[PDB]
């Protein structure tokens, strides 16, 4: 049995990202068993609330990729309005296609088959820098960021520390 278009595209994209890796994140497979399950380690962007932090995530690609977007889940504990408590990232570029219903959000702003995994990750970086309050996944985080951003600042920094102590786990 030959390979689908999905498998071929992931190879070429895995090769390209793991050729000239854009700084800020590292990309690899959870297991060579499957190229449809990437793990991603993200450095907390400079100057942002998360700087110094080290966040691990998982890009799960669907069988019919790139018709559908991948799902990104933070495994590292994180506190963000656009990140569900279970870890799932919720941003526009990862929303399924497309237009409809009443004519608010267009098809060109969500997922497109052309968006490389690199394009996604870059979008999730900027998400950490500047939260989008039009799509909150964590209600509690969405409030604290608005009504007392100095206790939100505090809680993030606590989770930034706990991420470093988990790097020490490699022992």
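Residue numbers count along the first chain shown, from 1.
Between 24-32 and 66-74, it is 24-32 that carries the larger average Cα temperature factor according to the deposited entry. For the two regions 109-117 and 127-135, the entry's Cα B-factors average higher over 127-135.
Which of 54, 38, 102, 145 has the largest Cα B-factor in the deposited entry comes down to 102. Placement of the Cα temperature factor of residue 96 within the chain: middle third of the modelled residues, per the deposited record. The deposited CA B-factor of residue 150 belongs to the highest third of values across its chain. Per the PDB record, residue ranking by Cα B-factor puts residue 163 in the middle third of the chain.
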